[PDB]
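One structure is given here, and the rest of the page talks about it.
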Amino acid sequence: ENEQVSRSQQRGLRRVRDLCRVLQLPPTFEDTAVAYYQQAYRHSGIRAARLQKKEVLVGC
DNA sequence: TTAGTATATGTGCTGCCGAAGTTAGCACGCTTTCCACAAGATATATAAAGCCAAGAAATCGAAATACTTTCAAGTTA
């Protein structure tokens with residue numbers, strides 16, 4: 001893995017990690033967040049969505 | 001034709017600094033576009049309550065006067 005990933009998904013993951021580190025959440029929280037983000041990205045409706053949509057996806 | 005001279009001939013010398021390799025015994029431990037597919041942005045009840053900002057009324061806070069008290073100095077005695 002980490003090779004069949006788009007630049008948009010990579011930016012989303014990096015934003016997730018950045019917000020996690022800003023809120024100072026543990027690495028377990030970081031891992032759970034990235035896992036849930038990947039699980040949500042698996043779907044196509046969220047995959048091909050808006051920029052604000054994917055930002056709110058990071059947030060949620 | 002022969003002695004003197006210039007060249008390259010490979011050879012052998014010198015340093016040249018660097019090259020590999022060495023050093024003993026346990027326990028712990030980014031950009032352009034380009035691209036195509038599907039997702040904004042759109043009417044429309046629709047009951048429901050909570051929220052977020054103008055107005056209108058209300059009462060709290062208190063300030064400028066109206067009463068009473070109080071002295072203190074002065075009166076009829």
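Numbering starts fresh at 1 for the residues of each chain in the structure tokens, the chains themselves are lettered A, B, ... in the order given, and ligands are numbered from 1 as they appear.
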
Self-check item: Residues of chain B within 9 Å of chain A, only C-alpha atoms (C1' of nucleotides) counted, as a PyMOL selection string
Solution: chain B and resi 37-40

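Take atom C1' of residue B:33 and atom CA of residue A:42: the distance between them is 26.4 Å.
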
Quiz item: Which neighbours of stretch 4-16 of chain A fall inside 12 Å, counting only C-alpha atoms (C1' of nucleotides), when residues of the same chain fewer than 6 positions from it are skipped, and could you give them as a PyMOL selection string?
Solution: (chain A and resi 22-23+25+27+29-42+46-60) or (chain B and resi 30)

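Atom CA of residue A:43 lies 22.9 Å from atom CA of residue A:20.
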
Quiz item: Per DSSP on the backbone, what are the helix (DSSP H, G or I) residues of chain A, as an MDAnalysis selection string?
Solution: chainID A and resid 7:23 27:41 44:47 51:59
